[PDB]
Amino acid sequence: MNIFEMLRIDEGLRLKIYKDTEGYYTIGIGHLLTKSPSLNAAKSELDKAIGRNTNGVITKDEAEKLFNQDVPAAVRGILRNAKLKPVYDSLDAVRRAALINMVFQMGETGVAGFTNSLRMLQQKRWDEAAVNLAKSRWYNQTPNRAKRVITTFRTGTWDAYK
Ligand SMILES: [Cl-]
Ligand SMILES: [Cl-]
């Protein structure tokens, strides 16, 4: 297991434009296209991103292409965020994958606000952080996914994805 497989499990893979859990235009392996209610807008974004007229449909290779850009960018944003970097740096490999997963799903900003849990993580107080993480909109909305991520932080293993 690794971050790529982890995320592929959590986000799925769809070749036609679709609405995510929040109702936003998405494609591929959880590649957000736009937050606008317009399918025209998202198509336009899709075309810009792929570099061709897609008509709202990409190939599997194109989806992995976006995925390959998206994963590293997530990491890069964490390393640039003053709130996140120190947590990420204190963590072990498996647990960093859990943080990236969150950042990938909700963005830096989304995550930068889990202050209290981040602090707990940094302190390596696993069970407590796990508890605190669950007290969130995130958990109430995507409980199954949140649970997998939470187990990962709590245990430091890939047990939840296996
Ligand atoms: Cl892009
Ligand atoms: Cl879920």
# chains A, B, ... in the order shown; residues from 1 in each chain; ligands from 1
$ residues_near_ligand --ligand "ligand 2" --cutoff "7 Å" --atoms "only C-alpha atoms and all ligand atoms" --output "ChimeraX atom specification"
/A:141-146
$ write_last_selection --atoms "N, CA, C and O atoms" --output "mmCIF file, in the first residue's frame"
data_model
loop_
_atom_site.group_PDB
_atom_site.id
_atom_site.type_symbol
_atom_site.label_atom_id
_atom_site.label_comp_id
_atom_site.auth_asym_id
_atom_site.auth_seq_id
_atom_site.Cartn_x
_atom_site.Cartn_y
_atom_site.Cartn_z
ATOM 1 N N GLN A 141 -20.219 13.724 7.683
ATOM 2 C CA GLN A 141 -20.541 13.694 6.254
ATOM 3 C C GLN A 141 -20.024 12.508 5.478
ATOM 4 O O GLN A 141 -20.691 12.045 4.592
ATOM 5 N N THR A 142 -18.793 12.114 5.727
ATOM 6 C CA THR A 142 -18.193 11.008 5.042
ATOM 7 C C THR A 142 -17.598 10.141 6.123
ATOM 8 O O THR A 142 -16.379 10.048 6.279
ATOM 9 N N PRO A 143 -18.482 9.599 6.927
ATOM 10 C CA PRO A 143 -18.096 8.750 8.042
ATOM 11 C C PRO A 143 -17.219 7.549 7.657
ATOM 12 O O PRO A 143 -16.274 7.232 8.351
ATOM 13 N N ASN A 144 -17.554 6.816 6.594
ATOM 14 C CA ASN A 144 -16.748 5.637 6.239
ATOM 15 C C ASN A 144 -15.300 5.951 5.903
ATOM 16 O O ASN A 144 -14.360 5.262 6.284
ATOM 17 N N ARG A 145 -15.125 7.003 5.141
ATOM 18 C CA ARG A 145 -13.816 7.444 4.729
ATOM 19 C C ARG A 145 -13.038 8.004 5.913
ATOM 20 O O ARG A 145 -11.876 7.655 6.112
ATOM 21 N N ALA A 146 -13.716 8.875 6.676
ATOM 22 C CA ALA A 146 -13.159 9.489 7.856
ATOM 23 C C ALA A 146 -12.691 8.398 8.818
ATOM 24 O O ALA A 146 -11.590 8.408 9.377
#
$ select_by_dssp --residues "segment 2-157 of chain A" --states "helix (DSSP H, G or I)" --output "tab-separated table (two decimals) with N, CA, C and O atoms, in the first residue's frame"
chain	number	residue	atom	x	y	z
A	3	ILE	N	0.32	5.99	-0.74
A	3	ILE	CA	-0.64	7.08	-0.86
A	3	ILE	C	-1.52	7.03	-2.10
A	3	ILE	O	-2.71	7.34	-2.05
A	4	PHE	N	-0.93	6.62	-3.24
A	4	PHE	CA	-1.66	6.53	-4.48
A	4	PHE	C	-2.74	5.49	-4.39
A	4	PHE	O	-3.88	5.73	-4.76
A	5	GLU	N	-2.41	4.32	-3.88
A	5	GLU	CA	-3.46	3.32	-3.79
A	5	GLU	C	-4.47	3.67	-2.76
A	5	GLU	O	-5.67	3.32	-2.85
A	6	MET	N	-3.98	4.29	-1.73
A	6	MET	CA	-4.87	4.66	-0.66
A	6	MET	C	-5.96	5.58	-1.18
A	6	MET	O	-7.14	5.39	-0.96
A	7	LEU	N	-5.53	6.60	-1.89
A	7	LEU	CA	-6.44	7.59	-2.46
A	7	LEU	C	-7.36	7.07	-3.55
A	7	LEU	O	-8.51	7.50	-3.71
A	8	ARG	N	-6.85	6.17	-4.35
A	8	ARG	CA	-7.65	5.59	-5.39
A	8	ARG	C	-8.82	4.84	-4.79
A	8	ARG	O	-9.89	4.74	-5.36
A	9	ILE	N	-8.61	4.26	-3.62
A	9	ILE	CA	-9.64	3.52	-2.94
A	9	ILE	C	-10.68	4.48	-2.41
A	9	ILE	O	-11.88	4.28	-2.54
A	10	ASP	N	-10.21	5.55	-1.82
A	10	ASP	CA	-11.08	6.51	-1.22
A	10	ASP	C	-11.86	7.37	-2.20
A	10	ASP	O	-12.97	7.78	-1.88
A	11	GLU	N	-11.29	7.67	-3.37
A	11	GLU	CA	-11.93	8.57	-4.31
A	11	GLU	C	-12.60	7.94	-5.50
A	11	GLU	O	-13.32	8.60	-6.24
A	39	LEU	N	-22.14	23.21	-15.58
A	39	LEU	CA	-21.50	22.08	-16.25
A	39	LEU	C	-20.65	22.56	-17.41
A	39	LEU	O	-19.70	21.92	-17.85
A	40	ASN	N	-21.02	23.73	-17.91
A	40	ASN	CA	-20.28	24.34	-18.99
A	40	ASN	C	-18.96	24.81	-18.45
A	40	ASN	O	-17.91	24.65	-19.08
A	41	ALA	N	-19.02	25.39	-17.25
A	41	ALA	CA	-17.82	25.85	-16.60
A	41	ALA	C	-16.88	24.69	-16.34
A	41	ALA	O	-15.69	24.72	-16.64
A	42	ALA	N	-17.41	23.64	-15.78
A	42	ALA	CA	-16.58	22.49	-15.48
A	42	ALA	C	-16.03	21.84	-16.73
A	42	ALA	O	-14.91	21.35	-16.74
A	43	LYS	N	-16.80	21.85	-17.81
A	43	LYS	CA	-16.28	21.27	-19.02
A	43	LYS	C	-15.12	22.05	-19.55
A	43	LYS	O	-14.20	21.52	-20.15
A	44	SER	N	-15.24	23.35	-19.37
A	44	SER	CA	-14.25	24.28	-19.83
A	44	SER	C	-12.99	24.08	-19.01
A	44	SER	O	-11.88	24.04	-19.51
A	45	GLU	N	-13.17	23.89	-17.73
A	45	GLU	CA	-12.05	23.63	-16.85
A	45	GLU	C	-11.38	22.30	-17.25
A	45	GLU	O	-10.18	22.13	-17.24
A	46	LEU	N	-12.20	21.33	-17.58
A	46	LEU	CA	-11.70	20.04	-17.94
A	46	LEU	C	-10.85	20.14	-19.17
A	46	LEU	O	-9.77	19.56	-19.29
A	47	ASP	N	-11.34	20.89	-20.12
A	47	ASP	CA	-10.59	21.01	-21.34
A	47	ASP	C	-9.25	21.69	-21.15
A	47	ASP	O	-8.28	21.30	-21.79
A	48	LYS	N	-9.22	22.72	-20.31
A	48	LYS	CA	-8.01	23.47	-19.99
A	48	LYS	C	-6.99	22.55	-19.32
A	48	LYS	O	-5.79	22.55	-19.60
A	49	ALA	N	-7.50	21.73	-18.41
A	49	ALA	CA	-6.65	20.81	-17.64
A	49	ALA	C	-6.02	19.65	-18.42
A	49	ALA	O	-4.93	19.19	-18.10
A	50	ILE	N	-6.75	19.15	-19.40
A	50	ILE	CA	-6.33	18.05	-20.21
A	50	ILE	C	-5.60	18.47	-21.46
A	50	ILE	O	-4.76	17.75	-22.00
A	60	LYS	N	-8.54	6.80	-19.20
A	60	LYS	CA	-7.95	6.36	-17.98
A	60	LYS	C	-6.54	6.89	-17.83
A	60	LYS	O	-6.04	7.17	-16.73
A	61	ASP	N	-5.88	7.01	-18.95
A	61	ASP	CA	-4.54	7.55	-18.87
A	61	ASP	C	-4.52	9.00	-18.46
A	61	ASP	O	-3.60	9.43	-17.77
A	62	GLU	N	-5.52	9.76	-18.92
A	62	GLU	CA	-5.62	11.16	-18.58
A	62	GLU	C	-5.97	11.33	-17.11
A	62	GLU	O	-5.49	12.26	-16.46
A	63	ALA	N	-6.79	10.42	-16.57
A	63	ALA	CA	-7.15	10.49	-15.15
A	63	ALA	C	-5.93	10.26	-14.29
A	63	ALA	O	-5.75	10.92	-13.26
A	64	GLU	N	-5.10	9.30	-14.69
A	64	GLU	CA	-3.91	9.05	-13.91
A	64	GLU	C	-2.97	10.17	-14.07
A	64	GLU	O	-2.18	10.48	-13.18
A	65	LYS	N	-3.03	10.79	-15.21
A	65	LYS	CA	-2.16	11.92	-15.40
A	65	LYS	C	-2.47	13.02	-14.40
A	65	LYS	O	-1.57	13.53	-13.73
A	66	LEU	N	-3.74	13.38	-14.27
A	66	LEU	CA	-4.15	14.39	-13.31
A	66	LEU	C	-3.82	13.92	-11.90
A	66	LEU	O	-3.32	14.70	-11.11
A	67	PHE	N	-4.10	12.64	-11.60
A	67	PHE	CA	-3.79	12.07	-10.27
A	67	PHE	C	-2.31	12.25	-9.91
A	67	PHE	O	-1.94	12.62	-8.80
A	68	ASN	N	-1.44	11.96	-10.88
A	68	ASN	CA	0.03	12.11	-10.73
A	68	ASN	C	0.43	13.57	-10.47
A	68	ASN	O	1.49	13.83	-9.92
A	69	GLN	N	-0.40	14.53	-10.87
A	69	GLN	CA	-0.03	15.90	-10.60
A	69	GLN	C	-0.58	16.31	-9.29
A	69	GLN	O	0.02	17.08	-8.55
A	70	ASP	N	-1.76	15.82	-9.03
A	70	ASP	CA	-2.49	16.17	-7.83
A	70	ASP	C	-1.89	15.67	-6.54
A	70	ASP	O	-1.99	16.39	-5.55
A	71	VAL	N	-1.36	14.46	-6.51
A	71	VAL	CA	-0.82	13.95	-5.26
A	71	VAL	C	0.35	14.80	-4.77
A	71	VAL	O	0.32	15.38	-3.68
A	72	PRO	N	1.36	14.98	-5.60
A	72	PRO	CA	2.50	15.79	-5.22
A	72	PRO	C	2.18	17.23	-4.87
A	72	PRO	O	2.83	17.85	-4.01
A	73	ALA	N	1.21	17.78	-5.56
A	73	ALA	CA	0.82	19.15	-5.26
A	73	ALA	C	0.28	19.26	-3.85
A	73	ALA	O	0.46	20.26	-3.16
A	74	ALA	N	-0.44	18.22	-3.42
A	74	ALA	CA	-0.98	18.19	-2.08
A	74	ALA	C	0.15	18.27	-1.11
A	74	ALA	O	0.13	19.08	-0.19
A	75	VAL	N	1.15	17.40	-1.32
A	75	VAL	CA	2.32	17.38	-0.46
A	75	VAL	C	2.98	18.74	-0.42
A	75	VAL	O	3.28	19.28	0.64
A	76	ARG	N	3.18	19.29	-1.61
A	76	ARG	CA	3.77	20.60	-1.72
A	76	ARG	C	2.99	21.66	-0.95
A	76	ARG	O	3.57	22.46	-0.24
A	77	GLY	N	1.68	21.66	-1.02
A	77	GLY	CA	0.95	22.65	-0.24
A	77	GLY	C	1.12	22.52	1.28
A	77	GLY	O	1.14	23.51	2.00
A	78	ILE	N	1.21	21.30	1.77
A	78	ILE	CA	1.41	21.04	3.19
A	78	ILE	C	2.77	21.59	3.62
A	78	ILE	O	2.94	22.24	4.64
A	79	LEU	N	3.77	21.32	2.82
A	79	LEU	CA	5.10	21.78	3.13
A	79	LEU	C	5.24	23.27	3.14
A	79	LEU	O	6.23	23.79	3.65
A	80	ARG	N	4.27	23.94	2.51
A	80	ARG	CA	4.26	25.39	2.43
A	80	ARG	C	3.36	26.00	3.47
A	80	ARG	O	3.33	27.21	3.67
A	85	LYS	N	3.08	22.02	8.13
A	85	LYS	CA	4.39	21.47	7.95
A	85	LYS	C	5.01	20.81	9.17
A	85	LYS	O	5.54	19.70	9.13
A	86	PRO	N	4.90	21.49	10.28
A	86	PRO	CA	5.44	20.95	11.49
A	86	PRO	C	4.75	19.68	11.90
A	86	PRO	O	5.38	18.80	12.47
A	87	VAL	N	3.47	19.55	11.63
A	87	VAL	CA	2.81	18.30	12.02
A	87	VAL	C	3.28	17.14	11.14
A	87	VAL	O	3.68	16.07	11.58
A	88	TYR	N	3.23	17.40	9.86
A	88	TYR	CA	3.63	16.48	8.83
A	88	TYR	C	5.08	15.99	9.10
A	88	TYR	O	5.42	14.80	9.09
A	89	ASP	N	5.94	16.92	9.40
A	89	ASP	CA	7.33	16.57	9.65
A	89	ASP	C	7.52	15.71	10.90
A	89	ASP	O	8.41	14.86	10.99
A	90	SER	N	6.66	15.88	11.88
A	90	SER	CA	6.79	15.07	13.10
A	90	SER	C	6.29	13.64	12.91
A	90	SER	O	6.55	12.70	13.67
A	93	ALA	N	5.82	7.72	8.18
A	93	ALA	CA	5.34	7.58	6.81
A	93	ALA	C	3.86	7.28	6.61
A	93	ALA	O	3.19	7.90	5.77
A	94	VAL	N	3.37	6.32	7.36
A	94	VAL	CA	1.98	5.94	7.21
A	94	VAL	C	1.04	7.04	7.60
A	94	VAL	O	0.08	7.33	6.90
A	95	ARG	N	1.33	7.64	8.73
A	95	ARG	CA	0.51	8.70	9.24
A	95	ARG	C	0.54	9.95	8.35
A	95	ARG	O	-0.45	10.67	8.23
A	96	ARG	N	1.67	10.22	7.68
A	96	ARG	CA	1.73	11.36	6.78
A	96	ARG	C	0.77	11.13	5.62
A	96	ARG	O	0.24	12.07	5.10
A	97	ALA	N	0.60	9.86	5.24
A	97	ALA	CA	-0.30	9.52	4.18
A	97	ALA	C	-1.73	9.85	4.58
A	97	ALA	O	-2.52	10.31	3.73
A	98	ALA	N	-2.04	9.66	5.86
A	98	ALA	CA	-3.37	10.01	6.38
A	98	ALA	C	-3.61	11.53	6.29
A	98	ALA	O	-4.72	11.99	5.96
A	99	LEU	N	-2.60	12.33	6.59
A	99	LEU	CA	-2.68	13.80	6.54
A	99	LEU	C	-2.87	14.25	5.08
A	99	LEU	O	-3.68	15.11	4.76
A	100	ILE	N	-2.11	13.66	4.18
A	100	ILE	CA	-2.21	14.00	2.77
A	100	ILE	C	-3.61	13.69	2.26
A	100	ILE	O	-4.21	14.46	1.50
A	101	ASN	N	-4.13	12.54	2.71
A	101	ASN	CA	-5.47	12.13	2.31
A	101	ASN	C	-6.47	13.19	2.69
A	101	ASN	O	-7.39	13.54	1.94
A	102	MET	N	-6.30	13.70	3.90
A	102	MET	CA	-7.25	14.73	4.34
A	102	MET	C	-7.11	16.00	3.53
A	102	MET	O	-8.10	16.64	3.15
A	103	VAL	N	-5.85	16.40	3.31
A	103	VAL	CA	-5.58	17.61	2.56
A	103	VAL	C	-6.13	17.48	1.16
A	103	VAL	O	-6.74	18.41	0.61
A	104	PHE	N	-5.97	16.30	0.60
A	104	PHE	CA	-6.49	16.02	-0.73
A	104	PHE	C	-7.99	16.15	-0.75
A	104	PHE	O	-8.57	16.72	-1.65
A	105	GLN	N	-8.66	15.62	0.25
A	105	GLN	CA	-10.11	15.72	0.26
A	105	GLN	C	-10.70	17.10	0.54
A	105	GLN	O	-11.64	17.53	-0.11
A	106	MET	N	-10.17	17.78	1.56
A	106	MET	CA	-10.69	19.06	2.01
A	106	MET	C	-9.87	20.31	1.82
A	106	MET	O	-10.35	21.37	2.19
A	107	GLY	N	-8.66	20.18	1.26
A	107	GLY	CA	-7.79	21.33	1.06
A	107	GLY	C	-7.12	21.75	2.35
A	107	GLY	O	-7.62	21.41	3.43
A	108	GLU	N	-6.01	22.52	2.23
A	108	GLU	CA	-5.17	23.02	3.33
A	108	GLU	C	-5.90	23.74	4.41
A	108	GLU	O	-5.64	23.59	5.60
A	109	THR	N	-6.74	24.61	3.93
A	109	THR	CA	-7.59	25.46	4.69
A	109	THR	C	-8.54	24.60	5.50
A	109	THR	O	-8.71	24.81	6.70
A	110	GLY	N	-9.12	23.61	4.84
A	110	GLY	CA	-10.03	22.73	5.53
A	110	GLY	C	-9.32	22.08	6.69
A	110	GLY	O	-9.77	22.09	7.83
A	111	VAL	N	-8.17	21.58	6.37
A	111	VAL	CA	-7.38	20.91	7.34
A	111	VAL	C	-6.69	21.80	8.36
A	111	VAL	O	-6.64	21.46	9.54
A	112	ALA	N	-6.16	22.94	7.92
A	112	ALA	CA	-5.46	23.84	8.84
A	112	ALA	C	-6.26	24.24	10.10
A	112	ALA	O	-5.69	24.62	11.13
A	115	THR	N	-7.02	22.40	14.29
A	115	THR	CA	-5.99	22.83	15.21
A	115	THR	C	-5.77	21.94	16.37
A	115	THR	O	-4.65	21.65	16.77
A	116	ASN	N	-6.86	21.66	17.00
A	116	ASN	CA	-6.76	20.86	18.18
A	116	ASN	C	-6.31	19.44	17.92
A	116	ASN	O	-5.51	18.85	18.66
A	117	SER	N	-6.81	18.86	16.86
A	117	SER	CA	-6.38	17.51	16.57
A	117	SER	C	-4.94	17.52	16.09
A	117	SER	O	-4.23	16.56	16.28
A	118	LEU	N	-4.56	18.55	15.33
A	118	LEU	CA	-3.21	18.62	14.79
A	118	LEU	C	-2.23	18.67	15.92
A	118	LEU	O	-1.12	18.12	15.89
A	119	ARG	N	-2.62	19.40	16.93
A	119	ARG	CA	-1.73	19.52	18.08
A	119	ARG	C	-1.55	18.17	18.76
A	119	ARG	O	-0.45	17.79	19.17
A	120	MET	N	-2.67	17.46	18.88
A	120	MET	CA	-2.64	16.16	19.48
A	120	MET	C	-1.80	15.23	18.66
A	120	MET	O	-1.06	14.44	19.19
A	121	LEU	N	-1.92	15.31	17.34
A	121	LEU	CA	-1.12	14.43	16.49
A	121	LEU	C	0.38	14.65	16.67
A	121	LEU	O	1.19	13.74	16.75
A	122	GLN	N	0.72	15.92	16.68
A	122	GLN	CA	2.05	16.33	16.87
A	122	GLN	C	2.56	15.79	18.18
A	122	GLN	O	3.74	15.54	18.37
A	126	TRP	N	-2.24	9.48	20.07
A	126	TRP	CA	-3.06	8.83	19.04
A	126	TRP	C	-4.54	8.67	19.30
A	126	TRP	O	-5.38	9.05	18.49
A	127	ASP	N	-4.87	8.07	20.41
A	127	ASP	CA	-6.26	7.81	20.73
A	127	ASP	C	-7.05	9.08	20.96
A	127	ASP	O	-8.21	9.22	20.58
A	128	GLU	N	-6.41	10.04	21.56
A	128	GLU	CA	-7.08	11.27	21.78
A	128	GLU	C	-7.33	12.01	20.52
A	128	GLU	O	-8.38	12.62	20.35
A	129	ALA	N	-6.34	12.03	19.66
A	129	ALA	CA	-6.53	12.74	18.40
A	129	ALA	C	-7.65	12.12	17.60
A	129	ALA	O	-8.44	12.81	16.94
A	130	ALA	N	-7.71	10.78	17.65
A	130	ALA	CA	-8.70	10.00	16.94
A	130	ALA	C	-10.10	10.39	17.37
A	130	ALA	O	-11.04	10.51	16.59
A	131	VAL	N	-10.22	10.63	18.66
A	131	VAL	CA	-11.48	11.03	19.23
A	131	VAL	C	-11.88	12.44	18.80
A	131	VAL	O	-13.00	12.73	18.41
A	132	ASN	N	-10.92	13.32	18.89
A	132	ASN	CA	-11.14	14.68	18.52
A	132	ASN	C	-11.46	14.81	17.03
A	132	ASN	O	-12.27	15.60	16.62
A	133	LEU	N	-10.79	14.00	16.21
A	133	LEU	CA	-11.02	14.11	14.77
A	133	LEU	C	-12.45	13.82	14.37
A	133	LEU	O	-12.98	14.38	13.43
A	134	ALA	N	-13.02	12.86	15.09
A	134	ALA	CA	-14.37	12.40	14.87
A	134	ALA	C	-15.40	13.48	15.19
A	134	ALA	O	-16.54	13.47	14.76
A	137	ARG	N	-17.53	17.98	11.20
A	137	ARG	CA	-18.48	17.85	10.11
A	137	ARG	C	-18.03	16.80	9.14
A	137	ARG	O	-18.83	16.07	8.55
A	138	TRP	N	-16.71	16.78	8.92
A	138	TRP	CA	-16.05	15.84	8.03
A	138	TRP	C	-16.50	14.41	8.30
A	138	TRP	O	-16.92	13.66	7.41
A	139	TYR	N	-16.42	14.03	9.57
A	139	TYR	CA	-16.82	12.69	10.01
A	139	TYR	C	-18.32	12.39	9.82
A	139	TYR	O	-18.73	11.29	9.42
A	140	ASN	N	-19.15	13.36	10.16
A	140	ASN	CA	-20.57	13.22	10.03
A	140	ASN	C	-20.99	13.09	8.58
A	140	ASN	O	-21.96	12.42	8.25
A	141	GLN	N	-20.22	13.72	7.68
A	141	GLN	CA	-20.54	13.69	6.25
A	141	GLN	C	-20.02	12.51	5.48
A	141	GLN	O	-20.69	12.04	4.59
A	143	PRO	N	-18.48	9.60	6.93
A	143	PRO	CA	-18.10	8.75	8.04
A	143	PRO	C	-17.22	7.55	7.66
A	143	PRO	O	-16.27	7.23	8.35
A	144	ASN	N	-17.55	6.82	6.59
A	144	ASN	CA	-16.75	5.64	6.24
A	144	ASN	C	-15.30	5.95	5.90
A	144	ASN	O	-14.36	5.26	6.28
A	145	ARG	N	-15.12	7.00	5.14
A	145	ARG	CA	-13.82	7.44	4.73
A	145	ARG	C	-13.04	8.00	5.91
A	145	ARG	O	-11.88	7.66	6.11
A	146	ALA	N	-13.72	8.88	6.68
A	146	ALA	CA	-13.16	9.49	7.86
A	146	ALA	C	-12.69	8.40	8.82
A	146	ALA	O	-11.59	8.41	9.38
A	147	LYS	N	-13.49	7.36	8.96
A	147	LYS	CA	-13.09	6.27	9.84
A	147	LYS	C	-11.80	5.60	9.43
A	147	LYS	O	-10.97	5.23	10.29
A	148	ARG	N	-11.66	5.38	8.12
A	148	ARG	CA	-10.45	4.75	7.61
A	148	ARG	C	-9.25	5.60	7.86
A	148	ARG	O	-8.19	5.11	8.20
A	149	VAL	N	-9.42	6.89	7.64
A	149	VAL	CA	-8.34	7.85	7.86
A	149	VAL	C	-7.99	7.94	9.33
A	149	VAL	O	-6.83	7.94	9.75
A	150	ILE	N	-9.03	8.01	10.15
A	150	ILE	CA	-8.81	8.06	11.58
A	150	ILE	C	-8.07	6.82	12.13
A	150	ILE	O	-7.12	6.93	12.89
A	151	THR	N	-8.47	5.61	11.72
A	151	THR	CA	-7.77	4.38	12.13
A	151	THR	C	-6.29	4.41	11.78
A	151	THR	O	-5.45	3.95	12.52
A	152	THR	N	-6.02	4.95	10.60
A	152	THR	CA	-4.69	5.10	10.11
A	152	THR	C	-3.86	5.96	11.06
A	152	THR	O	-2.76	5.58	11.46
A	153	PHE	N	-4.38	7.11	11.47
A	153	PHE	CA	-3.65	7.96	12.39
A	153	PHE	C	-3.51	7.32	13.75
A	153	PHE	O	-2.53	7.49	14.45
A	154	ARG	N	-4.56	6.67	14.15
A	154	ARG	CA	-4.57	6.01	15.43
A	154	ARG	C	-3.60	4.85	15.47
A	154	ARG	O	-2.85	4.67	16.42
A	155	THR	N	-3.63	4.01	14.44
A	155	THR	CA	-2.75	2.86	14.46
A	155	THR	C	-1.40	2.98	13.76
A	155	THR	O	-0.56	2.11	13.97
$ closest_residue --among "A:23, A:37, A:113, A:30" --to "ligand 1" --atoms "only C-alpha atoms and all ligand atoms"
A:30
$ select_by_dssp --residues "segment 6-162 of chain A" --states "strand (DSSP E)" --output "list in words"
residues 14, 15, 16, 17, 18, 19, 25, 26, 27, 28, 31, 32, 33 and 34 of chain A
$ atom_distance --atom1 "atom CA of residue 52 of chain A" --atom2 "atom CA of residue 26 of chain A"
17.2 Å
$ closest_residue --among "A:33, A:15, A:1, A:58" --to "ligand 1" --atoms "only C-alpha atoms and all ligand atoms"
A:33
$ atom_distance --atom1 "atom CA of residue 35 of chain A" --atom2 "atom CA of residue 22 of chain A"
9.4 Å
$ decode --residues "segment 77-89 of chain A" --atoms "N, CA, C and O atoms" --output "PDB file, in the first residue's frame"
ATOM      1  N   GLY A  77       1.682  21.660  -1.022  1.00  0.00           N
ATOM      2  CA  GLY A  77       0.953  22.646  -0.237  1.00  0.00           C
ATOM      3  C   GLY A  77       1.118  22.522   1.277  1.00  0.00           C
ATOM      4  O   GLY A  77       1.137  23.508   2.003  1.00  0.00           O
ATOM      5  N   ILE A  78       1.212  21.298   1.771  1.00  0.00           N
ATOM      6  CA  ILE A  78       1.408  21.039   3.195  1.00  0.00           C
ATOM      7  C   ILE A  78       2.774  21.589   3.624  1.00  0.00           C
ATOM      8  O   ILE A  78       2.944  22.243   4.642  1.00  0.00           O
ATOM      9  N   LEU A  79       3.772  21.321   2.817  1.00  0.00           N
ATOM     10  CA  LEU A  79       5.097  21.781   3.133  1.00  0.00           C
ATOM     11  C   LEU A  79       5.238  23.266   3.138  1.00  0.00           C
ATOM     12  O   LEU A  79       6.229  23.787   3.645  1.00  0.00           O
ATOM     13  N   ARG A  80       4.269  23.935   2.508  1.00  0.00           N
ATOM     14  CA  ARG A  80       4.259  25.392   2.430  1.00  0.00           C
ATOM     15  C   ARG A  80       3.358  26.002   3.468  1.00  0.00           C
ATOM     16  O   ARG A  80       3.334  27.214   3.666  1.00  0.00           O
ATOM     17  N   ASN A  81       2.578  25.171   4.110  1.00  0.00           N
ATOM     18  CA  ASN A  81       1.688  25.707   5.100  1.00  0.00           C
ATOM     19  C   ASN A  81       2.339  25.653   6.494  1.00  0.00           C
ATOM     20  O   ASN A  81       2.744  24.596   6.988  1.00  0.00           O
ATOM     21  N   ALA A  82       2.491  26.808   7.138  1.00  0.00           N
ATOM     22  CA  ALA A  82       3.134  26.922   8.468  1.00  0.00           C
ATOM     23  C   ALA A  82       2.456  26.137   9.586  1.00  0.00           C
ATOM     24  O   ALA A  82       3.080  25.754  10.593  1.00  0.00           O
ATOM     25  N   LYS A  83       1.158  25.925   9.390  1.00  0.00           N
ATOM     26  CA  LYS A  83       0.342  25.191  10.314  1.00  0.00           C
ATOM     27  C   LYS A  83       0.507  23.696  10.160  1.00  0.00           C
ATOM     28  O   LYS A  83       0.462  22.934  11.106  1.00  0.00           O
ATOM     29  N   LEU A  84       0.670  23.285   8.923  1.00  0.00           N
ATOM     30  CA  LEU A  84       0.742  21.896   8.633  1.00  0.00           C
ATOM     31  C   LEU A  84       2.123  21.280   8.612  1.00  0.00           C
ATOM     32  O   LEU A  84       2.311  20.129   8.949  1.00  0.00           O
ATOM     33  N   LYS A  85       3.076  22.018   8.125  1.00  0.00           N
ATOM     34  CA  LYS A  85       4.386  21.471   7.952  1.00  0.00           C
ATOM     35  C   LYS A  85       5.006  20.807   9.170  1.00  0.00           C
ATOM     36  O   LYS A  85       5.540  19.697   9.131  1.00  0.00           O
ATOM     37  N   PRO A  86       4.897  21.487  10.283  1.00  0.00           N
ATOM     38  CA  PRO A  86       5.441  20.946  11.486  1.00  0.00           C
ATOM     39  C   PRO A  86       4.754  19.681  11.898  1.00  0.00           C
ATOM     40  O   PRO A  86       5.385  18.797  12.467  1.00  0.00           O
ATOM     41  N   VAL A  87       3.467  19.554  11.629  1.00  0.00           N
ATOM     42  CA  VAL A  87       2.813  18.300  12.019  1.00  0.00           C
ATOM     43  C   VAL A  87       3.280  17.135  11.144  1.00  0.00           C
ATOM     44  O   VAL A  87       3.677  16.073  11.583  1.00  0.00           O
ATOM     45  N   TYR A  88       3.226  17.400   9.857  1.00  0.00           N
ATOM     46  CA  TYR A  88       3.635  16.477   8.832  1.00  0.00           C
ATOM     47  C   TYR A  88       5.082  15.989   9.096  1.00  0.00           C
ATOM     48  O   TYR A  88       5.415  14.804   9.094  1.00  0.00           O
ATOM     49  N   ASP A  89       5.936  16.918   9.398  1.00  0.00           N
ATOM     50  CA  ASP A  89       7.332  16.575   9.650  1.00  0.00           C
ATOM     51  C   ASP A  89       7.518  15.705  10.895  1.00  0.00           C
ATOM     52  O   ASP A  89       8.407  14.865  10.990  1.00  0.00           O
TER      53      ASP A  89
END
